[PDB]
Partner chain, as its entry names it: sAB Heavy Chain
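As a starting point, one isolated chain is supplied in structure tokens, in the form solved without the partner chain.
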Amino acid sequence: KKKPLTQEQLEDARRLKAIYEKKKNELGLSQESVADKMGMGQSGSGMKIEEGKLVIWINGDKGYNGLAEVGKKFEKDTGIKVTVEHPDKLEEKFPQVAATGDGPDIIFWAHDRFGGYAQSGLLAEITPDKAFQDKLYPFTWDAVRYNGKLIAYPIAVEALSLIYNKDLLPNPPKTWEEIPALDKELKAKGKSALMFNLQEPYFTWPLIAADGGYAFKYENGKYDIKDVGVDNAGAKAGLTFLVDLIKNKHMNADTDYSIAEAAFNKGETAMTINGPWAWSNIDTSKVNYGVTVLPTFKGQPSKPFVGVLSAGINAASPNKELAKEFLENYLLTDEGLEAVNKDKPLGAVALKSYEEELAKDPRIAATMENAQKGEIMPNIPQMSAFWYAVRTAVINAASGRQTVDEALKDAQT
């Protein structure tokens, strides 16, 4: 308190403070900190994610109610509350919130996005022992391995199939090339041959890859990011066929997931292209449907990009042990996967014991044959940029805003 200070000394300090404050106000920071704007300090205090519970994000097309049921079982046994959410644009929101040390404890998505999350430091290395690993197929662990480390638990192996209305079309086409004539036939009955989501490149990729399109060349155990196959002859032939379908009025460039689903389930179109998650709504519909191998293009199989639905653990989570216990001992069991599967079908699961049951289902057999004909997606960090590039190319080529040659030239970097 009692200091040997004169008014002149205090005045000198007053002036220095005022010089500082004058600059601060001129910089428009009357209400903010200088050090914050310099990106100094932290963000944040390492405690945004609540300790002692689990928050889980999964896409809204998956069996999130069945997953929440597994969460309730977990809570009954352990007292740990599990909250399941399905935010829109989850795969964009997760990296944004997790970068700040926030977000869910566990994030579900196909494995392709996970290498980018891991490179950004957003995903924990997972630690299942060999005995647990032995319960899932080796190729599924491979999909979630990034630079030697396991960075997610694999859940299910997803591939697109051709889904068809057996009453309108007891005999589904073998080839993409048959579709225009089939559409002309069905149009005379007030129906169309085929509708599927043209807004997400996932759905058009199997045709683009058929005759030779590819994302990143894989050689000697590594992906060459300098060798991209989005604008080669095969990719062009595939996308040109799609564009010709639109030019010839066999499909509408505007068709999206809900337009195609509503039209197929109402019985207005004879075929759609979709994954196992979609089977539940068709089951509810009046449609008698089959699930079969995708049409060939130029005599070669369609090659869907295969996604392994996977559960990653937020690096910021203080609940990594709770998450491990939940995922290994509750979800990845016959009863856990059945709960999710009964809600929206997972397709072919990574867990050997449960996959052996489901394999009897002809819809799963067809999923697996389409998966086998395609390729497991890379998980490299360049995947997000690839998908954005191809999404743009397909939408622009389909709508006619650009030619196929120009759109694919733009996508190639």
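Think of the rigid core as the biggest set of C-alphas that the two forms share within 1.5 Å after superposition. Residue numbers count along the first chain shown, from 1. Residues that one form lacks are left out of the comparison.
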> Looking only at CA atoms, which has the higher mean B factor in the entry: 211-219 or 178-186?
Replying inline: 211-219
> Of 166-174 and 94-102, which one has the bigger average CA B-factor?
Replying inline: 94-102
> Hey, out of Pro345, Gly66, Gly46, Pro378, whose CA B-factor is highest in the deposited coordinates?
Replying inline: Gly46
> Whose CA atom has the top B-factor in the entry, of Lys298, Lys191, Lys89, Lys320?
Replying inline: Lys89
> Ranked by Cα temperature factor within the chain, is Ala393 in the lowest third, the middle third or the highest third?
Replying inline: lowest
> C-alpha B factor of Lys266, ranked within the chain: lowest, middle or highest third?
Replying inline: middle
>> Taking only the Cα B-factors deposited for this chain, tell me whether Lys360 sits in the lowest, middle or highest third.
In response: highest
> For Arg401, does the deposited CA B-factor place it in the lowest, middle or highest third of the chain?
Replying inline: highest
> Comparing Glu325 with the other modelled residues of its chain, is its CA B-factor in the lowest, middle or highest third?
Replying inline: middle
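If you look for the form deposited with the partner chain bound, you will not find it shown, but the lines that follow are about it.
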> Which residue moves between the shown form and the other one, judged by a Cα shift of 2 Å or more on the rigid core: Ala99, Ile225, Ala181, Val293?
Replying inline: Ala99
> Rigid core aligned, which consecutive-residue runs (three or more long, every Cα at least 2 Å shifted) show up between the shown form and the other one?
Replying inline: 99-102
